[PDB]
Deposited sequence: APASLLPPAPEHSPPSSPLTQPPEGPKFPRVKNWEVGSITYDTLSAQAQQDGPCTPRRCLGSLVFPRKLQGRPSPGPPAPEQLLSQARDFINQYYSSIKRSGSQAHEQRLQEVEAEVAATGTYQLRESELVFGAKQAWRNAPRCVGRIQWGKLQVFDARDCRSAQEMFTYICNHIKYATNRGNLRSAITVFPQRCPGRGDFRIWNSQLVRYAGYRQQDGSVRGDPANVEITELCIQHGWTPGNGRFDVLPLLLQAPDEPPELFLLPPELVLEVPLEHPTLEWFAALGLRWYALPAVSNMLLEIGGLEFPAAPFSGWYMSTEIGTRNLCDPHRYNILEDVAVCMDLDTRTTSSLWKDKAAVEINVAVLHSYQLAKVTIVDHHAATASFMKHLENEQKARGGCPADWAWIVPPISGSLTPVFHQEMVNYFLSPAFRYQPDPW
């Protein structure tokens, strides 16, 4: 049998038949569940993955079992036998990147998974050309505030040659300077990469919102430093619709969330450099990036300016300040005409995705703990939706830091 899955707001019940096809294994066993852990973790095996991928492709275009389907299978079979690897067709790479997004269990934004611009950078041959490809990505995806989802795919891993890597975890990151107390000026999430940036010749700053340079790695080659042109990096100054002093906090965030440190895996090929980007959900900025105690940690500062009683928890000063910070983020992005989505609309759209995917594939891999937003969880519909978490391929995967 297949896991029965229930929505408790509405009473509806589905069965996730797709989960039976989970190839790779997660961290849970019948004896104990580890679903809350942040990081859970041969021509023959390559071929069954490639085969399965090719089968997925030909199903998506409703030409399963066709002459072209059998010929492509045979072609991949013969190329793996001759060379130990194979090359994707362009249309397969596009389909593969969209499937990896569609399969990501921790992404609430997957209603968009079919609108993804895929830049083929598989002919890239240097760190310098890499930088050109990334700048075109940022330009296209920013679109002067009307943000567009995109992925740029650099050459696949292959034996006898080092990987392309982007060392930065995102294309746009703020510097995090280790003050000597152990404190930090700027973003503490970025202390390691900031120091590697300086270790490699970047002249630092001392502001809180200093955009980091990119550390780009060509095969068998130390990383090279590249400064982003300031007009390529769209930023939003934060202000609050009614709390005028808020603007004096001097807060900013960048428009484009572009993750650059994950591995794209398609039919057994691995792409260690394939940055992808969408647009922000406001709670990522307002609640996590600004209010996490180990990020910018502004919550007490705002609550005091709001004149709340911060000496007892029962006044809910924390909740009130966080709500207003999230209001500032939404108001500020809308005022700047930069795409943003709030957690209520985002989770509503995700519920539509679950319904589409149940029809299309008989299920959807989803990580409840990551889909429910970090404030107001039970106020969104995903809170009341049971979910099944499992790993399908194509996939985006975490990978070791290249240093």
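Gaps between the deposited sequence and the modelled structure occur at positions 1 to 26, 68 to 78.
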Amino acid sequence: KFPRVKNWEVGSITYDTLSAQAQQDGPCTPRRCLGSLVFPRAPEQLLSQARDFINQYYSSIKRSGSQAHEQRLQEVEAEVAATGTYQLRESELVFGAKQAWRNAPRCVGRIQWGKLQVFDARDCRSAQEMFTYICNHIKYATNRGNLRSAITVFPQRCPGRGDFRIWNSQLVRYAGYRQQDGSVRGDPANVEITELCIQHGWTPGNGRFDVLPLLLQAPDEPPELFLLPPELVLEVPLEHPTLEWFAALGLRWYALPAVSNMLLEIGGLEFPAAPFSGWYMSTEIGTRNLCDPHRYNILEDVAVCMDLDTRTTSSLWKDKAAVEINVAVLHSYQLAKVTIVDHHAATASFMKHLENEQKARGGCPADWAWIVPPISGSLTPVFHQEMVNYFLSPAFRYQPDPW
From here on, numbers count along this sequence of modelled residues.
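Think of the rigid core as the biggest set of C-alphas that the two forms share within 1.5 Å after superposition.
Two stretches, 174 to 182 and 212 to 220, are weighed by how far their CA atoms sit from the shown form in 8 other deposited structures of this protein after rigid core superposition; the farther one is 174 to 182. Taken in 8 other deposited structures of this protein and fitted on the core, 81 to 89 and 264 to 272 differ in how far their Cα atoms move from the shown form, and the one that moves more is 81 to 89. Annotation: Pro40 belongs to the positions left without coordinates in at least a third of the other compared entries, with flanking residues modelled. The mean Cα B-factor in the deposited entry runs higher for 175 to 183 than for the other of 232 to 240 and 175 to 183. Between 87 to 95 and 188 to 196, it is 188 to 196 that carries the larger average Cα temperature factor according to the deposited entry. When the C-alpha B-factors of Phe119, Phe271, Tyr333, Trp202 are read from the PDB record, the largest value belongs to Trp202. The maximum CA B-factor among the listed residues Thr339, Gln56, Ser66, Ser36, taken from the PDB record, is found at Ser66. In the PDB entry, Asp210 places in the highest third of its chain by CA B-factor.
Remark: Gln45 belongs to the highest third of its chain, ranked by C-alpha B-factor as recorded. Placement of the Cα temperature factor of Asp163 within the chain: middle third of the modelled residues, per the deposited record. Remark: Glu300 belongs to the middle third of its chain, ranked by C-alpha B-factor as recorded. When the modelled residues of the chain are ordered by their C-alpha B factor, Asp367 lands in the lowest third.
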